[PDB]
Amino acid sequence: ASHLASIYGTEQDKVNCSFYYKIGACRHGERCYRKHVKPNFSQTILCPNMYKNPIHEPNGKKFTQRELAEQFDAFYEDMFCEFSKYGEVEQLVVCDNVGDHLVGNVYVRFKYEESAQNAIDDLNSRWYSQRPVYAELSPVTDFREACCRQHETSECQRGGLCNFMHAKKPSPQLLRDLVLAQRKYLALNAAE
Amino acid sequence: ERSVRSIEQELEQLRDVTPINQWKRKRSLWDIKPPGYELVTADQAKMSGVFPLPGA
RNA sequence: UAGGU
Ligand SMILES: [Zn+2]
Ligand SMILES: [Zn+2]
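Protein sequences appear in the order of chains A and B. Remember, the deposited numbering sits 1 above the position in the first sequence when you count from 1. Remember, the deposited numbering sits 105 above the position in the second sequence when you count from 1.
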């Protein structure tokens, strides 16, 4: 009795795609009959199919577990550093799915909405790993409502074809060194 | 003003961390184009259809 | 047109 109930962006909302409202990518894409509302102002950007996991290649079944961890850290390091030139980065998530709408997707949430707009304006003209970069604003705000719950604990029984984000987390050493490195870069540009 | 004080309060705690704009990336794959595409821009490559997304 | 309010 304190507030009116609603079903916006929910799985019970049958005119808006709930999966695009929370995850930022739907399995049907442009052919979905439910609404995909693309924001004009957003803090989160999307780079679809940017992380090519070597495990899903014809010859990438030769690396050990330690070599795989350093390779993924080399990718996350290369991602976080480049996105930091467009402003402050609050969170960076990399999806390890195989579905055509979420495989290797890279989500970046900036602190300011103008920082996100300047990022997609420049990324759409750049390259990465011999491939053109696709960039767009994504309606994702809270990653907890988009991550797979049964994947954080143990593994999801749906495997790589899960429609929720199977985020591949990096090493804690790299994540800590990146947040501290960004704070110094922001402090050194504030002293003027 | 306390802003300049708080700024030079955190820089000293970060005396032995490299700022992110300096970090030397050994093999960064940014701006690396496929062979022959040195004159092709990224926008022309997407419209050409040779680089489609997995959804299409 | 789903498993996630
Ligand atoms: Zn949809
Ligand atoms: Zn899952």
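All C-beta atoms, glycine included, are put in the ideal place defined by N, C-alpha and C.
- When the beta-carbon positions are compared, A:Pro140 and A:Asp74 stay at least 9 Å from each other.
- Within the chosen limit of 8 Å, ligand 2 reaches the beta carbon of A:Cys163 through at least one heavy atom.
- Taking C-beta atoms as the reference points, B:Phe156 and A:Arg127 fail to come closer than 9 Å.
- In terms of beta-carbon proximity, A:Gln13 stays away from the interface with chain B, with every pair separated by 9 Å or more.
- Set against 8 Å, the gap from the CB of A:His4 to the closest heavy atom of ligand 2 is not smaller.
- Ligand 1 approaches A:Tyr21 closely enough that one of its heavy atoms is under 8 Å from the residue's Cβ.
- Neighbours of B:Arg130 in chain A, taken as residues whose beta carbon is under 8 Å from its own, are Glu78, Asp79 and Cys82 in chain order.
- Around the C-beta of A:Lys185, 16 or more other C-beta atoms lie within 10 Å, and the residue is accordingly described as buried.
- In chain order, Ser116, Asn119 and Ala120 place their CB closer than 6 Å to the CB of A:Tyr87, counting only its own chain and leaving out the 5 sequence neighbours on each side.
- In this structure, the C-beta of A:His102 stays at least 8 Å away from each heavy atom of ligand 2.
- Contact between the region 98-106 of chain A and the region 23-39 of chain A is present, with at least three C-beta pairs closer than 8 Å.
- Taking 9 Å as the CB threshold, A:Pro140 stays off the interface with chain B.
- In chain order, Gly105 and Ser130 place their CB closer than 8 Å to the CB of A:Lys53, counting only its own chain and leaving out the 5 sequence neighbours on each side.
- For B:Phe156, there is no enclosing alpha helix (DSSP H), as DSSP marks it with neither H nor E.
- Excluding its 5 nearest sequence neighbours in each direction, A:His152 has C-beta neighbours in its own chain below 6 Å: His167, listed in chain order.
- Taking every protein chain shown into account, the CB of B:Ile125 has 16 or more other CB atoms within 10 angstroms, so this residue is buried.
- The CB of B:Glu115 comes closer than 9 Å to the CB of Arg184, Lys185 and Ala188 in chain A, given here in chain order.
- Around the beta carbon of A:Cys33, fewer than 16 other beta carbons sit within 10 angstroms, so the residue counts as exposed.
- Secondary structure at A:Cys148: strand, using DSSP grouped into helix, strand and coil.
- Listed in chain order, the non-local C-beta contacts of A:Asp79 below 8 Å within the same chain number zero, local neighbours out to five positions each way being set aside.
- The continuous alpha helix (DSSP H) containing A:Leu176 extends over residues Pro173 to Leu189.
- For A:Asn41, no alpha helix (DSSP H) encloses it, and the DSSP letter there is neither H nor E.
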